[PDB]
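Here's the structure, in structure tokens; my notes come after.
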Amino acid sequence: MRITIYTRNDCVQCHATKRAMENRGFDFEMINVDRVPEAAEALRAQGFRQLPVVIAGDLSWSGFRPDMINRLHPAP
């Protein structure tokens with residue numbers, strides 16, 4: 001399952017999210033929305049209003065959400 005974190009530099013909630021995923025041994029890709037406006041536009045069209053935005057399988061959320069990150073633990 002691919003986990004993508006849409007991020008921005010100087011974004012505390014983004015850093016917290018990355019660190020939280022690393023603390024749990026998750027593999028993820030990061031996409032800087034300032035360097036990739038196509039992604040920024042796509043996220044705005046889906047209604048997101050804050051960063052980071054995490055997309056993983058059927059889940060998609062914004063902001064630092066430890067509770068949602070915990071839903072990414074691998075199945076047996």
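To be explicit about the labels: the chains of the structure tokens are called A, B, and onward in the order shown, and within each one the residues are counted from 1, while ligands get numbers from 1 in the order they are shown.
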Would you kindly return, as an mmCIF file with N, CA, C and O atoms, in the first residue's frame, each protein, DNA or RNA residue with an atom no farther than 12 Å from any atom of residue A:7, considering only C-alpha atoms and excluding same-chain residues fewer than 3 positions away?
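As a result, selection_34.cif now contains:
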```cif
data_model
loop_
_atom_site.group_PDB
_atom_site.id
_atom_site.type_symbol
_atom_site.label_atom_id
_atom_site.label_comp_id
_atom_site.auth_asym_id
_atom_site.auth_seq_id
_atom_site.Cartn_x
_atom_site.Cartn_y
_atom_site.Cartn_z
ATOM 1 N N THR A 4 1.413 8.458 0.488
ATOM 2 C CA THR A 4 2.018 9.673 -0.043
ATOM 3 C C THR A 4 1.711 10.819 0.907
ATOM 4 O O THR A 4 0.565 10.977 1.339
ATOM 5 N N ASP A 10 9.012 24.212 6.306
ATOM 6 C CA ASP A 10 8.603 25.117 7.378
ATOM 7 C C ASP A 10 7.184 24.811 7.867
ATOM 8 O O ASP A 10 6.515 25.665 8.457
ATOM 9 N N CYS A 11 6.735 23.583 7.619
ATOM 10 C CA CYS A 11 5.402 23.148 8.027
ATOM 11 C C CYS A 11 5.603 22.169 9.189
ATOM 12 O O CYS A 11 6.082 21.046 8.997
ATOM 13 N N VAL A 12 5.257 22.606 10.397
ATOM 14 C CA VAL A 12 5.438 21.779 11.591
ATOM 15 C C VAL A 12 4.597 20.500 11.586
ATOM 16 O O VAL A 12 5.096 19.425 11.947
ATOM 17 N N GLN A 13 3.336 20.609 11.175
ATOM 18 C CA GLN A 13 2.475 19.424 11.139
ATOM 19 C C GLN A 13 2.951 18.412 10.111
ATOM 20 O O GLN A 13 2.718 17.200 10.259
ATOM 21 N N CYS A 14 3.612 18.899 9.063
ATOM 22 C CA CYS A 14 4.144 18.022 8.030
ATOM 23 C C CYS A 14 5.315 17.231 8.610
ATOM 24 O O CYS A 14 5.429 16.016 8.417
ATOM 25 N N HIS A 15 6.206 17.937 9.300
ATOM 26 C CA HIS A 15 7.367 17.291 9.908
ATOM 27 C C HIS A 15 6.918 16.284 10.965
ATOM 28 O O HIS A 15 7.453 15.166 11.037
ATOM 29 N N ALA A 16 5.920 16.658 11.769
ATOM 30 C CA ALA A 16 5.414 15.755 12.802
ATOM 31 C C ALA A 16 4.905 14.464 12.154
ATOM 32 O O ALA A 16 5.125 13.354 12.655
ATOM 33 N N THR A 17 4.219 14.614 11.030
ATOM 34 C CA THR A 17 3.676 13.455 10.324
ATOM 35 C C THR A 17 4.767 12.522 9.795
ATOM 36 O O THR A 17 4.668 11.297 9.937
ATOM 37 N N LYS A 18 5.802 13.092 9.183
ATOM 38 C CA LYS A 18 6.914 12.319 8.640
ATOM 39 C C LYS A 18 7.593 11.539 9.769
ATOM 40 O O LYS A 18 7.835 10.336 9.658
ATOM 41 N N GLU A 29 6.199 8.168 0.368
ATOM 42 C CA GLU A 29 6.800 9.074 -0.589
ATOM 43 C C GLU A 29 6.325 10.464 -0.208
ATOM 44 O O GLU A 29 5.252 10.631 0.386
ATOM 45 N N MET A 30 7.140 11.465 -0.506
ATOM 46 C CA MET A 30 6.756 12.822 -0.191
ATOM 47 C C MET A 30 6.705 13.621 -1.469
ATOM 48 O O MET A 30 7.489 13.381 -2.389
ATOM 49 N N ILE A 31 5.756 14.544 -1.532
ATOM 50 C CA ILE A 31 5.617 15.411 -2.691
ATOM 51 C C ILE A 31 5.427 16.810 -2.166
ATOM 52 O O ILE A 31 4.429 17.103 -1.502
ATOM 53 N N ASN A 32 6.387 17.680 -2.463
ATOM 54 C CA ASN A 32 6.341 19.068 -2.029
ATOM 55 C C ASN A 32 5.359 19.829 -2.925
ATOM 56 O O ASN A 32 5.621 19.989 -4.115
ATOM 57 N N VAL A 33 4.248 20.300 -2.355
ATOM 58 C CA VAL A 33 3.217 20.991 -3.124
ATOM 59 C C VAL A 33 3.620 22.353 -3.692
ATOM 60 O O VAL A 33 2.961 22.870 -4.605
ATOM 61 N N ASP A 34 4.690 22.931 -3.165
ATOM 62 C CA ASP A 34 5.164 24.216 -3.684
ATOM 63 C C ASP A 34 6.016 23.971 -4.941
ATOM 64 O O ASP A 34 6.010 24.789 -5.870
ATOM 65 N N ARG A 35 6.738 22.852 -4.966
ATOM 66 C CA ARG A 35 7.575 22.479 -6.113
ATOM 67 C C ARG A 35 6.753 21.788 -7.202
ATOM 68 O O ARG A 35 7.176 21.721 -8.361
ATOM 69 N N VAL A 36 5.578 21.282 -6.824
ATOM 70 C CA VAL A 36 4.705 20.565 -7.764
ATOM 71 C C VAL A 36 3.280 21.154 -7.687
ATOM 72 O O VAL A 36 2.378 20.573 -7.066
ATOM 73 N N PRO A 37 3.061 22.312 -8.327
ATOM 74 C CA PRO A 37 1.752 22.973 -8.321
ATOM 75 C C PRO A 37 0.608 22.118 -8.835
ATOM 76 O O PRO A 37 -0.550 22.349 -8.480
ATOM 77 N N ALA A 39 0.052 19.107 -8.037
ATOM 78 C CA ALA A 39 -0.451 18.399 -6.860
ATOM 79 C C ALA A 39 -1.236 19.367 -5.969
ATOM 80 O O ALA A 39 -2.299 19.025 -5.449
ATOM 81 N N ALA A 40 -0.712 20.581 -5.798
ATOM 82 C CA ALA A 40 -1.393 21.584 -4.978
ATOM 83 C C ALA A 40 -2.800 21.810 -5.541
ATOM 84 O O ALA A 40 -3.787 21.810 -4.792
ATOM 85 N N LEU A 43 -5.075 18.818 -4.908
ATOM 86 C CA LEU A 43 -5.513 18.761 -3.509
ATOM 87 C C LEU A 43 -6.585 19.823 -3.250
ATOM 88 O O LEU A 43 -7.564 19.576 -2.547
ATOM 89 N N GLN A 50 -5.445 22.528 4.389
ATOM 90 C CA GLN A 50 -4.276 22.605 5.254
ATOM 91 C C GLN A 50 -3.319 21.486 4.903
ATOM 92 O O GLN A 50 -3.706 20.506 4.262
ATOM 93 N N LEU A 51 -2.067 21.640 5.315
ATOM 94 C CA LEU A 51 -1.059 20.622 5.069
ATOM 95 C C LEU A 51 -0.606 20.009 6.379
ATOM 96 O O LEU A 51 -0.778 20.591 7.455
ATOM 97 N N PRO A 52 -0.060 18.795 6.310
ATOM 98 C CA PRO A 52 0.129 17.994 5.103
ATOM 99 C C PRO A 52 -1.182 17.325 4.688
ATOM 100 O O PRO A 52 -2.179 17.393 5.397
ATOM 101 N N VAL A 53 -1.162 16.695 3.526
ATOM 102 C CA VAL A 53 -2.288 15.883 3.117
ATOM 103 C C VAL A 53 -1.689 14.492 2.956
ATOM 104 O O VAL A 53 -0.655 14.314 2.297
ATOM 105 N N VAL A 54 -2.308 13.502 3.585
ATOM 106 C CA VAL A 54 -1.831 12.136 3.467
ATOM 107 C C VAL A 54 -2.850 11.335 2.698
ATOM 108 O O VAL A 54 -4.051 11.389 3.005
ATOM 109 N N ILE A 55 -2.387 10.628 1.675
ATOM 110 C CA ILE A 55 -3.270 9.777 0.872
ATOM 111 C C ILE A 55 -2.686 8.373 0.957
ATOM 112 O O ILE A 55 -1.508 8.153 0.648
ATOM 113 N N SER A 62 -5.975 15.571 6.246
ATOM 114 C CA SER A 62 -5.059 16.715 6.309
ATOM 115 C C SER A 62 -4.689 17.050 7.748
ATOM 116 O O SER A 62 -5.399 16.671 8.669
ATOM 117 N N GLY A 63 -3.581 17.772 7.919
ATOM 118 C CA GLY A 63 -3.112 18.141 9.251
ATOM 119 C C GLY A 63 -2.397 16.974 9.902
ATOM 120 O O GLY A 63 -2.316 15.900 9.307
ATOM 121 N N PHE A 64 -1.848 17.194 11.098
ATOM 122 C CA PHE A 64 -1.163 16.138 11.843
ATOM 123 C C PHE A 64 -2.239 15.337 12.576
ATOM 124 O O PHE A 64 -2.916 15.844 13.481
#
```
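For chain A, the set of residues given strand (DSSP E or B) by DSSP on the backbone reads residues 3, 4, 5, 6, 7, 29, 30, 31, 32, 53, 54, 55, 56, 59, 60, 61 and 62 of chain A.
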Restricting the output to N, CA, C and O atoms, write the selected residues as an mmCIF file, in the first residue's frame.
```
data_model
loop_
_atom_site.group_PDB
_atom_site.id
_atom_site.type_symbol
_atom_site.label_atom_id
_atom_site.label_comp_id
_atom_site.auth_asym_id
_atom_site.auth_seq_id
_atom_site.Cartn_x
_atom_site.Cartn_y
_atom_site.Cartn_z
ATOM 1 N N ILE A 3 1.809 5.094 0.513
ATOM 2 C CA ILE A 3 1.464 6.204 1.409
ATOM 3 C C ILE A 3 2.172 7.427 0.830
ATOM 4 O O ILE A 3 3.393 7.411 0.644
ATOM 5 N N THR A 4 1.413 8.458 0.488
ATOM 6 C CA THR A 4 2.018 9.673 -0.043
ATOM 7 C C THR A 4 1.711 10.819 0.907
ATOM 8 O O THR A 4 0.565 10.977 1.339
ATOM 9 N N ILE A 5 2.734 11.599 1.247
ATOM 10 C CA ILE A 5 2.526 12.746 2.127
ATOM 11 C C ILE A 5 2.766 13.987 1.280
ATOM 12 O O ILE A 5 3.873 14.161 0.761
ATOM 13 N N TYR A 6 1.735 14.819 1.117
ATOM 14 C CA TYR A 6 1.873 16.075 0.360
ATOM 15 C C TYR A 6 2.321 17.075 1.406
ATOM 16 O O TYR A 6 1.626 17.319 2.406
ATOM 17 N N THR A 7 3.461 17.710 1.143
ATOM 18 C CA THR A 7 4.067 18.557 2.147
ATOM 19 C C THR A 7 4.581 19.934 1.713
ATOM 20 O O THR A 7 4.522 20.292 0.542
ATOM 21 N N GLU A 29 6.199 8.168 0.368
ATOM 22 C CA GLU A 29 6.800 9.074 -0.589
ATOM 23 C C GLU A 29 6.325 10.464 -0.208
ATOM 24 O O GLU A 29 5.252 10.631 0.386
ATOM 25 N N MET A 30 7.140 11.465 -0.506
ATOM 26 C CA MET A 30 6.756 12.822 -0.191
ATOM 27 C C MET A 30 6.705 13.621 -1.469
ATOM 28 O O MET A 30 7.489 13.381 -2.389
ATOM 29 N N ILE A 31 5.756 14.544 -1.532
ATOM 30 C CA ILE A 31 5.617 15.411 -2.691
ATOM 31 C C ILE A 31 5.427 16.810 -2.166
ATOM 32 O O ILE A 31 4.429 17.103 -1.502
ATOM 33 N N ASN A 32 6.387 17.680 -2.463
ATOM 34 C CA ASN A 32 6.341 19.068 -2.029
ATOM 35 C C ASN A 32 5.359 19.829 -2.925
ATOM 36 O O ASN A 32 5.621 19.989 -4.115
ATOM 37 N N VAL A 53 -1.162 16.695 3.526
ATOM 38 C CA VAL A 53 -2.288 15.883 3.117
ATOM 39 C C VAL A 53 -1.689 14.492 2.956
ATOM 40 O O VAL A 53 -0.655 14.314 2.297
ATOM 41 N N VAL A 54 -2.308 13.502 3.585
ATOM 42 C CA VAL A 54 -1.831 12.136 3.467
ATOM 43 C C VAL A 54 -2.850 11.335 2.698
ATOM 44 O O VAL A 54 -4.051 11.389 3.005
ATOM 45 N N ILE A 55 -2.387 10.628 1.675
ATOM 46 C CA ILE A 55 -3.270 9.777 0.872
ATOM 47 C C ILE A 55 -2.686 8.373 0.957
ATOM 48 O O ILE A 55 -1.508 8.153 0.648
ATOM 49 N N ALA A 56 -3.508 7.418 1.374
ATOM 50 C CA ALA A 56 -3.044 6.051 1.518
ATOM 51 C C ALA A 56 -4.224 5.109 1.313
ATOM 52 O O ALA A 56 -5.114 5.011 2.152
ATOM 53 N N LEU A 59 -7.869 6.007 2.453
ATOM 54 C CA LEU A 59 -7.792 7.080 3.438
ATOM 55 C C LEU A 59 -7.158 8.347 2.878
ATOM 56 O O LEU A 59 -6.233 8.287 2.078
ATOM 57 N N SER A 60 -7.660 9.492 3.320
ATOM 58 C CA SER A 60 -7.127 10.776 2.872
ATOM 59 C C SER A 60 -7.481 11.809 3.924
ATOM 60 O O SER A 60 -8.663 12.030 4.209
ATOM 61 N N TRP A 61 -6.466 12.436 4.505
ATOM 62 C CA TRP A 61 -6.723 13.406 5.545
ATOM 63 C C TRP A 61 -5.690 14.512 5.503
ATOM 64 O O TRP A 61 -4.654 14.390 4.839
ATOM 65 N N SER A 62 -5.975 15.571 6.246
ATOM 66 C CA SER A 62 -5.059 16.715 6.309
ATOM 67 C C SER A 62 -4.689 17.050 7.748
ATOM 68 O O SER A 62 -5.399 16.671 8.669
#
```
Nearest residue to residue A:2 from the set A:46, A:57, A:41, A:19 (distances using only C-alpha atoms):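 Selected residue with least distance to residue A:2: A:57.
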Find the residues near residue A:25: any atom within 12 Å, counting only C-alpha atoms, skip ones fewer than 6 places away on the same chain, and give them as a PDB file with C-alpha atoms, in the first residue's frame.
```pdb
ATOM      1  CA  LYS A  18       6.914  12.319   8.640  1.00  0.00           C
ATOM      2  CA  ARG A  19       8.532  11.645  12.015  1.00  0.00           C
ATOM      3  CA  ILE A  69      -1.489   7.500  10.980  1.00  0.00           C
ATOM      4  CA  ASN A  70      -2.186   4.596  13.296  1.00  0.00           C
ATOM      5  CA  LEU A  72      -1.694   2.605   8.420  1.00  0.00           C
ATOM      6  CA  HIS A  73      -0.229  -0.285  10.461  1.00  0.00           C
ATOM      7  CA  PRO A  74       0.243  -3.325   8.254  1.00  0.00           C
TER       8      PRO A  74
END
```
What's the separation between atom CA of residue A:1 and atom CA of residue A:71, in Å to one decimal place?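 Taking atom CA of residue A:1 as the start and atom CA of residue A:71 as the end point, the length is 12.2 Å.
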Best match for closeness to residue A:68 among A:48, A:27, A:38, A:21, counting only C-alpha atoms: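 The answer is A:21, which sits nearest to residue A:68.
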Can you tell me, as a PyMOL selection string, which residues in chain A count as helix (DSSP H, G or I) by DSSP? chain A and resi 12-23+37-45+66-72
Those residues with N, CA, C and O atoms, as a CSV table (one decimal), in the first residue's frame please?
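Just written: again.csv:
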```csv
chain,number,residue,atom,x,y,z
A,12,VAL,N,5.3,22.6,10.4
A,12,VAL,CA,5.4,21.8,11.6
A,12,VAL,C,4.6,20.5,11.6
A,12,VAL,O,5.1,19.4,11.9
A,13,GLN,N,3.3,20.6,11.2
A,13,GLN,CA,2.5,19.4,11.1
A,13,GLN,C,3.0,18.4,10.1
A,13,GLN,O,2.7,17.2,10.3
A,14,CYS,N,3.6,18.9,9.1
A,14,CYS,CA,4.1,18.0,8.0
A,14,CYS,C,5.3,17.2,8.6
A,14,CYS,O,5.4,16.0,8.4
A,15,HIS,N,6.2,17.9,9.3
A,15,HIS,CA,7.4,17.3,9.9
A,15,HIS,C,6.9,16.3,11.0
A,15,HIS,O,7.5,15.2,11.0
A,16,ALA,N,5.9,16.7,11.8
A,16,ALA,CA,5.4,15.8,12.8
A,16,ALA,C,4.9,14.5,12.2
A,16,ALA,O,5.1,13.4,12.7
A,17,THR,N,4.2,14.6,11.0
A,17,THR,CA,3.7,13.5,10.3
A,17,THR,C,4.8,12.5,9.8
A,17,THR,O,4.7,11.3,9.9
A,18,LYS,N,5.8,13.1,9.2
A,18,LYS,CA,6.9,12.3,8.6
A,18,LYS,C,7.6,11.5,9.8
A,18,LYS,O,7.8,10.3,9.7
A,19,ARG,N,7.9,12.2,10.8
A,19,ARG,CA,8.5,11.6,12.0
A,19,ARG,C,7.7,10.5,12.6
A,19,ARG,O,8.2,9.5,13.0
A,20,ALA,N,6.4,10.7,12.7
A,20,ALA,CA,5.5,9.7,13.2
A,20,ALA,C,5.5,8.5,12.3
A,20,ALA,O,5.5,7.3,12.9
A,21,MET,N,5.5,8.7,11.0
A,21,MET,CA,5.5,7.5,10.1
A,21,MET,C,6.9,6.8,10.3
A,21,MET,O,6.9,5.5,10.3
A,22,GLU,N,8.0,7.5,10.4
A,22,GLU,CA,9.3,6.9,10.5
A,22,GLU,C,9.4,6.1,11.8
A,22,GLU,O,10.0,5.1,11.9
A,23,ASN,N,8.7,6.7,12.9
A,23,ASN,CA,8.8,6.1,14.2
A,23,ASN,C,8.1,4.7,14.1
A,23,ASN,O,8.3,3.8,15.0
A,37,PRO,N,3.1,22.3,-8.3
A,37,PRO,CA,1.8,23.0,-8.3
A,37,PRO,C,0.6,22.1,-8.8
A,37,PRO,O,-0.5,22.3,-8.5
A,38,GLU,N,0.9,21.1,-9.7
A,38,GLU,CA,-0.1,20.3,-10.2
A,38,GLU,C,-0.8,19.5,-9.0
A,38,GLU,O,-2.0,19.4,-8.9
A,39,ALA,N,0.1,19.1,-8.0
A,39,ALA,CA,-0.5,18.4,-6.9
A,39,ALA,C,-1.2,19.4,-6.0
A,39,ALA,O,-2.3,19.0,-5.4
A,40,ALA,N,-0.7,20.6,-5.8
A,40,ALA,CA,-1.4,21.6,-5.0
A,40,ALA,C,-2.8,21.8,-5.5
A,40,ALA,O,-3.8,21.8,-4.8
A,41,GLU,N,-2.9,22.0,-6.9
A,41,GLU,CA,-4.2,22.2,-7.5
A,41,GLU,C,-5.1,21.0,-7.3
A,41,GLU,O,-6.3,21.2,-7.0
A,42,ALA,N,-4.6,19.8,-7.5
A,42,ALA,CA,-5.4,18.6,-7.3
A,42,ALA,C,-5.9,18.5,-5.9
A,42,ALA,O,-7.1,18.1,-5.7
A,43,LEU,N,-5.1,18.8,-4.9
A,43,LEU,CA,-5.5,18.8,-3.5
A,43,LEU,C,-6.6,19.8,-3.2
A,43,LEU,O,-7.6,19.6,-2.5
A,44,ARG,N,-6.4,21.0,-3.8
A,44,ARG,CA,-7.4,22.0,-3.6
A,44,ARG,C,-8.8,21.6,-4.2
A,44,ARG,O,-9.8,21.9,-3.6
A,45,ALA,N,-8.7,20.9,-5.3
A,45,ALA,CA,-10.0,20.5,-6.0
A,45,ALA,C,-10.7,19.4,-5.2
A,45,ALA,O,-11.9,19.2,-5.4
A,66,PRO,N,-2.3,11.8,14.4
A,66,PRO,CA,-1.7,10.6,14.9
A,66,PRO,C,-2.7,9.4,14.8
A,66,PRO,O,-2.3,8.3,14.5
A,67,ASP,N,-4.0,9.7,15.1
A,67,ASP,CA,-5.0,8.7,15.0
A,67,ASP,C,-5.2,8.1,13.7
A,67,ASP,O,-5.5,6.9,13.6
A,68,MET,N,-5.0,8.9,12.6
A,68,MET,CA,-5.2,8.4,11.3
A,68,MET,C,-3.9,7.6,10.8
A,68,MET,O,-4.0,6.6,10.1
A,69,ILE,N,-2.8,8.1,11.3
A,69,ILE,CA,-1.5,7.5,11.0
A,69,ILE,C,-1.5,6.1,11.5
A,69,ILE,O,-1.0,5.2,10.9
A,70,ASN,N,-2.1,5.9,12.7
A,70,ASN,CA,-2.2,4.6,13.3
A,70,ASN,C,-3.0,3.6,12.5
A,70,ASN,O,-2.9,2.4,12.7
A,71,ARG,N,-3.9,4.2,11.6
A,71,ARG,CA,-4.7,3.3,10.7
A,71,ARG,C,-3.8,2.7,9.6
A,71,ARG,O,-4.4,1.9,8.8
A,72,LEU,N,-2.6,3.1,9.5
A,72,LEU,CA,-1.7,2.6,8.4
A,72,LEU,C,-0.8,1.4,8.8
A,72,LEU,O,0.0,0.9,8.0
```
